[PDB]
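Protein chains: 2
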Amino acid sequence: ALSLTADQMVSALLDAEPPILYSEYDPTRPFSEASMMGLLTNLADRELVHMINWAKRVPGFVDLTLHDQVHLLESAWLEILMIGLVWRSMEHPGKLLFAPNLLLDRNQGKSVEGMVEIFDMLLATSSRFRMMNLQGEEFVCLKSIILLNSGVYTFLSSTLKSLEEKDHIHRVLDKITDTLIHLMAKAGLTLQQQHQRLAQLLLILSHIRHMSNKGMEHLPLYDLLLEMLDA
Amino acid sequence: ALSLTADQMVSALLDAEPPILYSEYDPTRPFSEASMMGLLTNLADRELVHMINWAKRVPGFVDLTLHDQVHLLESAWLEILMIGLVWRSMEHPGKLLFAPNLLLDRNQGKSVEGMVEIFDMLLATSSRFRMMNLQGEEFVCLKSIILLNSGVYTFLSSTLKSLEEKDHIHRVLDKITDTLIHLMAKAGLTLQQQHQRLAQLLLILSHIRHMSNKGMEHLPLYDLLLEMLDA
Ligand SMILES: Oc1ccc2c(c1)CCN(c1ccccc1)[C@@H]2c1ccc(OCCN2CCCCC2)cc1
Ligand SMILES: Oc1ccc2c(c1)CCN(c1ccccc1)[C@@H]2c1ccc(OCCN2CCCCC2)cc1
Numbered sequence: 307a308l309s310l311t312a313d314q315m316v317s318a319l320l321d322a323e324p325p326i327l328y329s330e331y332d333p334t335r336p337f338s339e340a341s342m343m344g345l346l347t348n349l350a351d352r353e354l355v356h357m358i359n360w361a362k363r364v365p366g367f368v369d370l371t372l373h374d375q376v377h378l379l380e381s382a383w384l385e386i387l388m389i390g391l392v393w394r395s396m397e398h399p400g401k402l403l404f405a406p407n408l409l410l411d412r413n414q415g416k417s418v419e420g421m422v423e424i425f426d427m428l429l430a431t432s433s434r435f436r437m438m439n440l441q442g443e444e445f446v447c448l449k450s451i452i453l454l455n456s457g458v459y460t461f462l463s464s465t466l467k468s469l470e471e472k473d474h475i476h477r478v479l480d481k482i483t484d485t486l487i488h489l490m491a492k493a494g495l496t497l498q499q500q501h502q503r504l505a506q507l508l509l510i511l512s513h514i515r516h517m518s519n520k521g522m523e524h525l535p536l537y538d539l540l541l542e543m544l545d546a
Numbered sequence: 307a308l309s310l311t312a313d314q315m316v317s318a319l320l321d322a323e324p325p326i327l328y329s330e331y332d333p334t335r336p337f338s339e340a341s342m343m344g345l346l347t348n349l350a351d352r353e354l355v356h357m358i359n360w361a362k363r364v365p366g367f368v369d370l371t372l373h374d375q376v377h378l379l380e381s382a383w384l385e386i387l388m389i390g391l392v393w394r395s396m397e398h399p400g401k402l403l404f405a406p407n408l409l410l411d412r413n414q415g416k417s418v419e420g421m422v423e424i425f426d427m428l429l430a431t432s433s434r435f436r437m438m439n440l441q442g443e444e445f446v447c448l449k450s451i452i453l454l455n456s457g458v459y460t461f462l463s464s465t466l467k468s469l470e471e472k473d474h475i476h477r478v479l480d481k482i483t484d485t486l487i488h489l490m491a492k493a494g495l496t497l498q499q500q501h502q503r504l505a506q507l508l509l510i511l512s513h514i515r516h517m518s519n520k521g522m523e524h525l535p536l537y538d539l540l541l542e543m544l545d546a
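In the order they appear, the protein sequences are chains A and A'. A prime marks a further copy of an entry chain.
The first sequence lines up with residues 307 to 525, 535 to 546 when you count with the authors' numbering.
The second sequence lines up with residues 307 to 525, 535 to 546 when you count with the authors' numbering.
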C-alpha cells in the first residue's frame with residue numbers, strides 16, 4: 307500500500323479502471339421524447355455499481371473502515387462520474403460522450419431546466435483537459451485523489467480511529483502525488499514545470515467539486540452505498 | 307508582474323492584506339436576540355469592499371478586463387471570506403473568530419436553520435490548518451490562487467481576448483505556485499515534501515469551494540462588484 311512503487315501505483319489504478327457503459331436507449335425510437343434526465347439517471351445508477359468495484363481496488367481504500375469507505379464515496383460519487391465524463395469527452399469538442407451511443411451537444415442540454423448550465427461547465431472542463439493535454443495515467447491519479455480527498459475533511463470526529471484513518475488517507479494521497487510527479491518527470495518536464503502542472507491539475511478538482519455541487523442541486536445514498544460496499 | 311521574484315510576490319501579497327474588521331454589535335445588549343445572520347451579513351458586506359482593494363493589489367489582477375475582474379470576484383468572493391475566517395480562527399479550537407469581538411463556538415451556530423452544518427465544516431478546515439501548521443506566507447498565496455482560479459473555467463468564451471486572459475491568469479497562478487514551493491524549500495522541506503505539501507494545500511481549496519457552495523445555498536452581485544471595481 308504505502309510501499310507501492312510509482313509505476314506500480316499506475317499499473318494498479320489503470321487496471322482498476324471501470325468499464326465504459328452504454329445508455330439503455332432504444333435506437334429506433336424518436337429521441338425528442340426519450341426523457342433526457344431519465345437516460346442520464348439510469349446510466350449513472352449503473353456506473354455507480356462499477357464505481358464501488360473500482361474504489362475497492364484503489365490502494366489503501368479497503369484498509370479503511372466500512373463507514374469511512376461509505377462516507378468517502380458518498381462525498382465523491384458525482385465528482386467521479388463527472389471527471390470520467392469529461393475525460394471521455396476530451397476528444398469530442400462541443401459534445402459530451404455520456405456513453406458511446408449517447409453523444410450530446412450543447413443544444414441537447416436545453417432539454418431540462420437549468421441543465422445547459424451544467425453541460426457548459428462540463429464542456430469547459432473537457433476543453434481545459436484538451437488544453438493541458440492530460441494523459442491517461444494523470445487522469446486515473448486524479449480520479450483516485452478525488453475519491454480519497456473529497457470527504458476527508460468532513461468526518462467530523464477526533465476519535466483515535468478517525469485520526470488514524472485521516473492519517474492513512476493523506477498518506478495514500480501523498481503516494482499518489484509522488485506518482486503524478488514521477489510521471490511528469492519521465493515526460494521530460496523540469497522540476498518547475500512538474501510543480502506548475504501538478505498545481506494546474508489539482509486546481510481543476512476545485513472546479514469539479516463546484517460542478518458536482520451544482521449537479522447535486524439540480525439533482535438514503537449512504538445505505539445504498541453501504542450495501543454495495545459491505546460484501 | 308510575470309517577472310516578479312518569489313520573495314517579491316510574498317512581500318506584494320502580504321502588503322495587500324485587508325484589515326481585520328469588527329462586528330457592529332452593541333456589546334451592552336443581550337446576545338440571544340442580536341440576529342446571528344444579521345451580524346454575519348453586515349460584517350461580510352463590509353469586508354467585501356476591502357476585498358476589492360485587496361484584489362486590485364494582487365499582481366496581474368488589474369491587467370485583466372474589468373468584466374473578467376468582476377467574473378473572478380463574483381466566483382470567489384465567498385471562498386475568500388471563508389478562507390480568511392478559517393485562518394484567523396486557526397488558533398481558536400472549537401471557535402470561529404468572525405471578528406475580534408465576535409468569537410462564536412459550535413452551539414451558537416444552532417441559532418439559524420442549517421447554519422451549524424456550515425460552522426462545523428469551517429471548524430474542520432480551521433483544524434486542518436492547525437494540523438498542517440500553515441504559515442502566513444502560504445496563506446496569502448492560497449487566497450490569491452482562489453481569486454484567480456475559482457472563475458477561470460467559467461468564462462465560457464473562446465474569443466482571442468478571452469484566450470489571452472485565461473492564458474495570463476494561469477501564468478500568474480504558475481508564478482504563485484513557484485512562490486509556494488520557494489517558501490517550502492526555504493523552510494527546509496525536501497523536494498518530495500515540497501510536492502506533497504503543495505498538493506495538500508491546493509486540495510483543501512476543493513473543500514473551500516464546497517463550503518462556499520453550501521454557503522451560497524443557505525445564503535445583482537455583478538453590478539455591485541462592477542461599481543466597486545470600476546473606479
Ligand atoms: O457518467 C455520468 C453519468 C450521468 C451523469 C454524469 C456522468 C455527470 C452529469 N450528470 C448530471 C448531474 C446533475 C444534473 C444533470 C446532469 C449525469 C447524472 C448524474 C447523476 C444522476 O443521479 C440520479 C440519482 N441516482 C439515484 C441512485 C443513486 C445514484 C444517483 C443522474 C444523472
Ligand atoms: O469574513 C466572513 C464574514 C461572514 C461570513 C463568512 C466570513 C463565512 C461564513 N458565512 C456564512 C455564509 C453562508 C451561511 C452562513 C454563514 C458568513 C457570511 C457570508 C456572506 C454573507 O452575505 C450576505 C449577503 N451579501 C449581500 C451584499 C453582497 C455580499 C453578500 C453573510 C454571512
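Note that CB positions come from ideal geometry on N, CA and C, so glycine has one too.
Under 7 angstroms between the Cβ atoms of residue i and residue j?
i: A:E385; j: A:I452; result: yes
i: A:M396; j: A:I514; result: no
i: A':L408; j: A':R394; result: no
i: A':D480; j: A:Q502; result: yes
i: A:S512; j: A':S512; result: yes
i: A':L462; j: A:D426; result: yes
i: A':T431; j: A':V392; result: yes
i: A':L319; j: A':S518; result: no
i: A':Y331; j: A':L345; result: yes
i: A':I475; j: A':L454; result: yes
i: A:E523; j: A:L370; result: no
i: A':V364; j: A':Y537; result: no
i: A:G457; j: A:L378; result: yes
Taking the beta strand (DSSP E) that residue i falls in, what are its first and last residues?
i: A':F404; result: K401 to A405
i: A':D411; result: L408 to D411
Are any of the Cβ atoms in chain A nearer than 7 angstroms to that of residue i?
i: A':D313; result: no
i: A':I386; result: no
i: A':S338; result: no
i: A':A430; result: yes
i: A':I487; result: yes
i: A':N359; result: no
i: A':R515; result: yes
i: A':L495; result: no
i: A':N439; result: no
i: A':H377; result: no
i: A':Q499; result: no
i: A':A491; result: no
i: A':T334; result: no
i: A':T483; result: yes
i: A':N519; result: yes
i: A':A350; result: no
i: A':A505; result: yes
i: A':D545; result: no
Assuming residue i is part of the alpha helix (DSSP H), what are its boundary residues?
i: A:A350; result: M342 to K362
i: residue 304 of chain A'; result: The question about residue 304 of chain A' has no answer here: the residues shown for chain A' are numbered 307 through 546.
i: residue 547 of chain A; result: The question about residue 547 of chain A has no answer here: the residues shown for chain A are numbered 307 through 546.
i: A':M315; result: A312 to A322
i: A:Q414; result: No alpha helix (DSSP H) contains A:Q414, which DSSP labels as neither H nor E.
i: A':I389; result: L372 to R394
i: A':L308; result: It is not in any alpha helix (DSSP H) - A':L308 carries neither H nor E in the DSSP assignment.
i: A':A430; result: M421 to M438
i: A':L544; result: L536 to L544
For residue i, would you say it is in contact with chain A', using Cβ-to-Cβ distances shorter than 7 angstroms as the test?
i: A:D473; result: no
i: A:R412; result: no
i: A:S512; result: yes
i: A:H373; result: no
i: A:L454; result: no
i: A:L508; result: yes
i: A:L370; result: no
i: A:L462; result: yes
i: A:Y537; result: no
- Message: Tell me whether the region 338 to 346 of chain A and the region 494 to 513 of chain A touch, counting them as touching only if at least three CB pairs, one residue from each stretch, are closer than 8 angstroms.
- Response: no
- Item | the region 322 to 333 of chain A / the region 428 to 441 of chain A touching (three or more Cβ pairs under 8 angstroms) | no
- How about the region 349 to 364 of chain A and the region 535 to 546 of chain A: do they share at least three Cβ pairs that are nearer than 8 angstroms? yes
- Touch check for the region 462 to 471 of chain A and the region 488 to 498 of chain A: three-plus C-beta pairs under 8 angstroms? no
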